[PDB]
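In: Quick one: experimental structure and sequence below.
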Amino acid sequence: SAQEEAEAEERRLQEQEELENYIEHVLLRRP
């Protein structure tokens, strides 16, 4: 159980963009 960890942390980047884009999409669309 070492590789799985590498992914568990990767989420930190996924969630970041997941939220950063969630606003950019709604904003850019409805400025």
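Out: Sure thing, it's come through. Residues are numbered from 1 along each chain as shown.

In: Residue 16 versus residue 10, what's the distance?
Out: Per CB to CB, to the nearest Å, residue 10 is found 11 Å from residue 16. C-beta coordinates here come from the backbone N, C-alpha and C atoms, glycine included.

In: Could you pull out the helices in the chain for me?
Out: 3-29 (DSSP state H).

In: hmm, what's the outermost residue in it?
Out: residue 1 (23.8 Å; CA atoms, centre = their mean).

In: residue contacts, it?
Out: Residue 1 makes contact with no residue under the criterion CB atoms under 8 Å, 6 or more residues apart in numbering.

In: please renumber so the chain begins at 487
Out: With 487 as the first residue, the last one maps to residue 487.

In: do you know how far it is from residue 497?
Out: 16 Å.

In: Also residue 516?
Out: Between residue 516 and residue 497 the distance is 28 Å, computed by CB to CB.

In: Which of those two has more residues huddled nearby?
Out: Each of residue 516 and residue 497 has its neighbours counted (other CB atoms under 10 Å); residue 497 has more, 10 against 6.

In: which residues touch that one?
Out: Residue 497 neighbours (CB under 8 Å, 6+ apart): none.

In: go again using 10 Å as the cut-off
Out: With contact set as CB atoms under 10 Å, 6 or more residues apart in numbering, residue 497 has these partners: residue 504.

In: And stretch 502-517, how far out from the chain middle?
Out: Relative to the centre of its chain, stretch 502-517 is centred 11 Å away, using CA atoms, centre = their mean, to the nearest Å.
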